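Structure record follows, encoded as structure tokens.
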RNA sequence: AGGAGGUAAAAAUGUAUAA
RNA sequence: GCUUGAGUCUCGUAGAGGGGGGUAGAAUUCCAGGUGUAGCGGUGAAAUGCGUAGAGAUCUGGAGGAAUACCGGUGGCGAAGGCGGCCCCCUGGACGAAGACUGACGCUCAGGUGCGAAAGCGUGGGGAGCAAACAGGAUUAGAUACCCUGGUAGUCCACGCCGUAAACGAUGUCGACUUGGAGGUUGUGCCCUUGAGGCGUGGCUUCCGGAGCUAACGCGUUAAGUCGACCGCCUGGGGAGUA
């Protein structure tokens, strides 16, 4: 219901999965889907094919809102970063513009050291 | 020798926002001396100039605020 | 720092000539004004170790000149320090 | 007797009340023999990034010459005043003219 | 000055005494001095209500002016005096129209400074003005509660209240302990920070420094007999009951704050 | 950063982000403070740059290629 | 020609005499 | 006595040199509220942990603390340790120009005095993130380790103390001399700045190489070459820089 026209698809793609969230023009969420939520957890979860499928799982579940134009705002150094938006082109949507809002700290908190 | 200010010698002012626009990237970063080939004196001169203009909201810190 | 105005005053008081700005008399007097000027700076901060070295370096230079000046002009020497108030 | 280049923002509303603002500042400086040199009111200029609210602002450029005592007190009048936003104060370098 | 007293005798080994050479020596200002007979912790009924208070050197209460009901009249701080009633230091202050009253001494106060109270007073440590003309985010002490009551927050040695925000009719500030209380905007306050911050390091030393100040000995729970206190008894140092007060109330862990008529004011509790 | 290329774009057409930061800072700030290894690796990096300049000047040999 | 992203679980030991 | 040693003054230039006080934005975390729904987070694969009490994702607002992307460069500065947002106040050292002045005032330096990263310690504040200890889950023959979710002292500030490091160009300081090349940085002079130049003259600094030297590797006008002044230090390893 609610009949909204615009839509901002935030795509948080990290090194493990691609949680995708289609919000409204203001910020209120309107349904989402993830890599794992599609049904395949593990090594497969972090693949460009995962983000592909993620878009389809979120291609529907927004049909009640009948969104037309999008403002994709990708976020994160994930492997699904680039493949997810092309999945939205074929999904039958119109990307108005693409924006990148990756948090680039100006020497903020010290990062962890979790790897060797 | 792709300079600009090196010929037109002057103590670079932050007020010349048109001039400084050419030295910043569309994102808002400071283009390095390796690309513009600017003399190092005028580069550090430019750096303080930019940051002061940055402080006065004459230049963006980034694309999204 | 020793501002320029104060500098010309000191020279025109100890130098034998108006331009005589190299005499040992003058250099000792010159640095002494500076060291007294730095006591205010080292009364607040008391942690600024780098310019602490600046002060310490110029004290030894003052020390060496009086060593020199003594051994050469004994008479002149006692006159100088009583006009500048130091040594103890 | 330094030379300063005071630059400060003004919240739009008080922009309507800006001439009297400068008149008070230039009086204190002149009150202590401070020779003023520029008085370029940039006017209501749009900002780059929002300053807590306000997508619009008003600038005032000074380029004044004054003694250190006065300038320290005059800066405090920017601090405790809820009209002046971001006050910049730089150093001499042979005070200028026409600057823009 | 924080001076370590030299160990001449066993008893003066740990006396780190706070000496402040600026303190006025001699007799304090007579007209603002009234008696204060101690009561040793005994109410109208004569029974001991609050324990541990008794003895102590004879004190003399001094009328410290908190209300600060003078507007637009300058004042020249005369000198800094000592006052046994509190931890802070009071300052004999003289107004332009020849009148002497005491006030808490801010830390940026020297003998002979210039302060004034009122709405038109300039922002300077020692001035007293309402919480509507203070810049949001400064350091304030001697905060009032109701408009014209007098002042009851942060008046102890080295204490200051941060004014966090200001939401129109209310000024959300933050007490020293950690709570963020929301008080009436029209309440008067005093800028700066209460002096004598070395009071923290003042370690008593021998029992006397505690005893002649007023604190009587405290007798522990595991020492008293079971007929006198919920703890103790035993054949030899045997605790085992849950730590309680002498009247059967769970201590060391029980919230006891209950007014309800002020919860409308308490924004965030101490943590 | 940002891209619209108004009407006829139809493709991603944004590799210019690679030209700004996009991964170069994220894969750099994801962990490892080091505090002084970049000093080590930058001295190692510019050492390799001069290896090229040495090799550039050392290209003037036959080899029959 | 010049720069960026992505690529690697576990696996211990061998005494004491030869030019 | 003299001036080429050393030092002072006049005018300028560059600089993350040091101390003190303000301030801006980005990002993490937390708290309050809206939308919204089954996973999220994590790994080589997992699990502990978070999550139908409604997380993660997203947005509005607010609280805080620490660090200051890009500039940034074998780039600069300091005696060394070291020092990087921006602004002000206080202040040191270097370098150059063209003159003036003092007239050996110089070099080194046992003992002595001061400075001296990080860790640690005392007292008082602060505590986002990170993170010894430690707990839990994995991996493992076992894992008190690497890996993972959490997490304290500490990391931060103020005031004192500690005086060690591969505190390293493993090259003590100072002065003189002995072919070159490519740079970077910062001055300055001359000619037509006619035009991003042309030709010089100084400091600092990187790299490559000749003679020479070295056991060789390599060092090579900022020497480990050729000489001088002075000080520190070594005399097989282990025992031990310990009793």
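Among the residues of the stretch A:100-109, the one identified as within 7 Å of chain F (Cβ to nearest Cβ), out of contact with any helix residue (DSSP H, G or I) (no Cβ under 7 Å at 6 or more places or on another chain) and closer than 12 Å to residue F:28 by Cα is A:104.
So that you can scan it fast, the table gives a plain yes or no per residue for (1) near RNA strand H (Cβ under 7 Å from one of its atoms); (2) on the phi < 0 side of the Ramachandran plot; (3) under 15 Å from the mean Cα position of the chain (by Cα):
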site: C:9; (1), (2), (3): no, yes, yes
site: C:20; (1), (2), (3): yes, yes, no
site: C:37; (1), (2), (3): yes, yes, yes
site: C:43; (1), (2), (3): no, yes, no
site: C:59; (1), (2), (3): no, yes, yes
site: C:66; (1), (2), (3): no, yes, yes
site: C:77; (1), (2), (3): no, yes, yes
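Taken as a whole, the condition of being surrounded by 16 or more Cβ atoms within 10 Å (Cβ to Cβ), more than 14 Å from every other protein chain (Cβ to nearest Cβ), away from RNA strand G (no atom under 16 Å from the Cβ) and without any contact (Cβ under 8 Å) to a residue 60 or more places away in the chain applies to residue E:116. Only residues that are away from RNA strand G (no atom under 16 Å from the Cβ) and closer than 21 Å to residue A:86 by Cβ were counted across the stretch A:12-34, and they come to 10.
No other residue among D:96, D:7 is in contact with a strand residue (DSSP E or B) (Cβ under 6 Å, 6 or more places away or on another chain) and in contact (Cβ under 8 Å) with a residue 40 or more places away in the chain apart from D:7.
Take the residues of the stretch A:57-78 that are at positive phi and surrounded by fewer than 17 Cβ atoms within 10 Å (Cβ to Cβ): which is farthest from the other protein chains (Cβ to nearest Cβ)? Looking at residues that are at positive phi and surrounded by fewer than 17 Cβ atoms within 10 Å (Cβ to Cβ), I get A:61. Restricting the stretch A:80-95 to residues that are assigned to a loop (DSSP other than H, G, I, E, B) and within 12 Å of the chain's Cα centre (by Cα) leaves a set whose member that is farthest from the other protein chains (Cβ to nearest Cβ) is A:80. Check whether at least one residue in the stretch E:40-58 is touching a residue at least 40 places away in the same chain (Cβ under 8 Å) and farther than 30 Å from residue E:216 by Cβ, and report yes or no. Within the stretch E:40-58, none of the residues are touching a residue at least 40 places away in the same chain (Cβ under 8 Å) and farther than 30 Å from residue E:216 by Cβ.
Restricting attention to the stretch B:46-65, the residues being buried (at least 17 other Cβ atoms within 10 Å of the Cβ) and either within 14 Å of chain D (Cβ to nearest Cβ) or under 19 Å from residue F:1 (Cα atoms) (or both) number 9. Residue count for the stretch A:35-56, restricted to those that are under 19 Å from residue A:98 (Cβ atoms) and either within 16 Å of RNA strand G (Cβ to nearest atom) or loosely packed, with under 14 Cβ neighbours inside 10 Å (or both): 2. The set of residues in the stretch C:13-25 that are over 14 Å from residue C:64 (Cα atoms) and in a helix (DSSP H, G or I) comprises C:13, C:14.
Among the residues making up the stretch A:1-29, those that are near RNA strand H (Cβ under 6 Å from one of its atoms) and assigned to a strand (DSSP E or B) are A:10, A:12, A:19, A:21, A:23, A:29.
Those helices (runs of 4 or more DSSP H) of the stretch D:1-93 in which at least 2 residues are within 12 Å of another protein chain (Cβ to nearest Cβ) and surrounded by fewer than 16 Cβ atoms within 10 Å (Cβ to Cβ), considering only elements entirely within it, cover D:68-79.
Looking across the stretch E:77-114, the residues that are out of contact with any helix residue (DSSP H, G or I) (no Cβ under 7 Å at 6 or more places or on another chain), in a strand (DSSP E or B) and under 20 Å from residue E:153 (Cβ atoms) come down to E:90, E:91, E:103, E:104, E:106.
Check the stretch E:194-217 and report whether any residue there is within 14 Å of chain D (Cβ to nearest Cβ) and either exposed (fewer than 14 other Cβ atoms within 10 Å of the Cβ) or touching a strand residue (DSSP E or B) at 6+ places or on another chain (Cβ under 8 Å) (or both). No, the stretch E:194-217 contains no residue that is within 14 Å of chain D (Cβ to nearest Cβ) and either exposed (fewer than 14 other Cβ atoms within 10 Å of the Cβ) or touching a strand residue (DSSP E or B) at 6+ places or on another chain (Cβ under 8 Å) (or both). Please determine, by comparing only the residues of the stretch F:1-56 that are within 14 Å of chain A (Cβ to nearest Cβ) and part of a helix (DSSP H, G or I), which one is nearest to RNA strand G (Cβ to nearest atom). Restricting to residues being within 14 Å of chain A (Cβ to nearest Cβ) and part of a helix (DSSP H, G or I), the top hit is F:27.
Positions of Cβ are backbone-derived with ideal geometry, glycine not excepted, and every protein chain shown enters the neighbour counts. Every number in this text was worked out from the coordinates using simple rules, so none of it is lab data.
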